[PDB]
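Working notes for the structure below.
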Amino acid sequence: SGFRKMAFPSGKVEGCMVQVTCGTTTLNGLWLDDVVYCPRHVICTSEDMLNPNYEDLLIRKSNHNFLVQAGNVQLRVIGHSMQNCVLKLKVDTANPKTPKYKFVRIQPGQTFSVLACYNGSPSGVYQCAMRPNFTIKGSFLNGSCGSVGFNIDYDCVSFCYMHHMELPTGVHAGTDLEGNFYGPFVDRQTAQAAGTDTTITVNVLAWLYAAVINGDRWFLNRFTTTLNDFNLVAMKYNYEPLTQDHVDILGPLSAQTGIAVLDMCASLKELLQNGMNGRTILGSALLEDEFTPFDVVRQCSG
Amino acid sequence: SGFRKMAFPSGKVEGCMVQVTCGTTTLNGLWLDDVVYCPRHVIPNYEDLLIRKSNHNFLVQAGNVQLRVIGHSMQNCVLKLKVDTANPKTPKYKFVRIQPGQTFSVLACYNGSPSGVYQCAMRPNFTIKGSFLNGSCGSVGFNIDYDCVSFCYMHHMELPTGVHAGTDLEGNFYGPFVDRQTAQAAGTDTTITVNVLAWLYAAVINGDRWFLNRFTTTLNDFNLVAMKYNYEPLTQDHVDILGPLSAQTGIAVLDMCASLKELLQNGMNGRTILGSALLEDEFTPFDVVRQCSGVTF
Ligand SMILES: CO[C@@]1(C(=O)Nc2cncc3cc(F)ccc23)CCOc2ccc(Cl)cc21
Ligand SMILES: [Cl-]
């Protein structure tokens, strides 16, 4: 029993964190085999950030301009190349602690763990979700750039995020491990704004099924809804549209509890209308949206 | 910016998790040097049950490798299995007993394999509001200080309300619990006041000030109010511990106490603090300073 926001064990990722220094800039790198991946803005100055020409800044650098530190050991850089917004530094030593891994690009609504690091040293781990506006509500201070997001399935680490910037509202923007940003963001100090955020409807529904699995049913009602009527009401509260894919994904949880997706949708419509009336759902007074249907099955069923 | 419930990196603890099997029971063990620590209920009269057992009755698995037991002894509610091999991944460590209100990270394991990590606080009623399923027994709680892992908790049982009970690594229970199937209940819980105040300072540091007011209070008047709302009494020690956060934000501890009194008496009025509609009490003053500054391990 119990329901917590759980992060994946960070050990396999800790053994990959290194410190990358270029001139006066120090940030984090991900050392996998003989390559160190880090944000390409490590080559920029604060002035360069307004309108950086990364190709022109990189052509003026040599291998020995990049200092890479793994623990108390200096790695030797033997090559460098750019792939979108990530810099790939070829090193002379393969990481002996390289886990089984893959680079995956996630969609909004998907969750992942973040290992927050400063000076190549991990300081903490927390669980996140890619918001519908492509930002993450993380906890990052200066020097956390290059910190990574991941999931672990079986013995395989799936890297899905690398931290690059903090937006004016306090939210965070970054790229996949191929250097493609999530969202309409650029690694430029431009007037960039997150976009109006919405609630991940499929995740709130999954969390409502997790409350029913843990023995809480006070929010259920005798009503149903069509998918269209549910979406007309959901949009009025800034909830993401629920698609037929979302209804399909909730099938296993519907079969386990005996509550049809559209009947759980009717309960969500009523919660939006009435509020909780001093009650909580799984220790929360807000409707939780950072647990996917897959996370609920993993934490509850085994 | 940002404020999340952050756990310590679990790597140093992952390299110590093993599976312990005795008869039909399978649970988790902590392998440090040549000893494996696990709940004694893996085997009531535990010295009479233990005296029957031989070393080969305990099956210990570290990954896909079997460790052979060469000795066994009991320390309170913890069984210590002497193994033939010292763990080469043993970190720098110490066993520490924590007080209610203090927080720690939990590496939840099943069959000697870690599945997740989360942060939690020792409640005033000595229970933990964790997330544990069957097979999680022997999972451990810890803090990391520099390069040193301080083990403070080992999971033993779930109570009928869904909360959890366990021991320190010397086998002494936190709370009035016993490792036996009997009618045991979690006592009436209270809110950790010093932690709520620390979380209010973390909100001010992150730019949330709507709850601040021009008023201050006395420690006595605040405690008369706090006792009415099932909040733990705030001591002079608590006020002292909140000194650095008070100096950083410019808000005196009894000034922040007056803001907490208004939130208890009037609610949030449709508003939130750090994305929450409830007053959060599972962040200590030290966690707030560590997260809003940047300490690494
Ligand atoms: C070079 O890093 C920038 C940045 O957003 N850094 C940060 C990243 N994470 C957390 C942060 C927390 C802070 F308190 C301060 C800065 C943070 C600084 C501002 O301009 C830019 C413009 C674009 C890009 Cl892709 C990066 C940056
Ligand atoms: Cl995805």
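Using the numbering of Swiss-Prot, the residues shown for chain A are 3264-3565, in order.
How was it done? The header gives X-ray crystallography, 2.0 Å.
Note: Cβ is positioned from N, Cα and C throughout, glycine not excepted.
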* Structure fact -> Swiss-Prot lists as ubiquitin cross-link, out of A:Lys3353, A:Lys3532, residue A:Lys3353
* Asked: Which of the recorded positions A:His3304, A:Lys3353, A:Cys3408 has its Cα nearest to the Cα of A:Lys3268 (ubiquitin cross-link)?
  -> A:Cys3408
* Asked: Out of A:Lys3268, A:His3304, A:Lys3353, which of the recorded positions is least crowded by other Cβ atoms within 10 Å?
  -> A:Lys3353
* Could you tell me which of the recorded positions A:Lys3268, A:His3304, A:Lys3353 have their C-beta within a distance under 6 angstroms of some atom of ligand 1? => A:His3304
* Asked: Mind pulling out which recorded positions among A:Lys3268, A:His3304, A:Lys3353, A:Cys3408 sit under 8 Å from chain B, Cβ to Cβ?
  -> A:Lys3268
* Structure fact -> Mapped onto three states, the DSSP assignment of A:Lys3268 (ubiquitin cross-link) reads coil
* Secondary structure at A:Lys3353 (ubiquitin cross-link), reduced by DSSP to three states -> strand
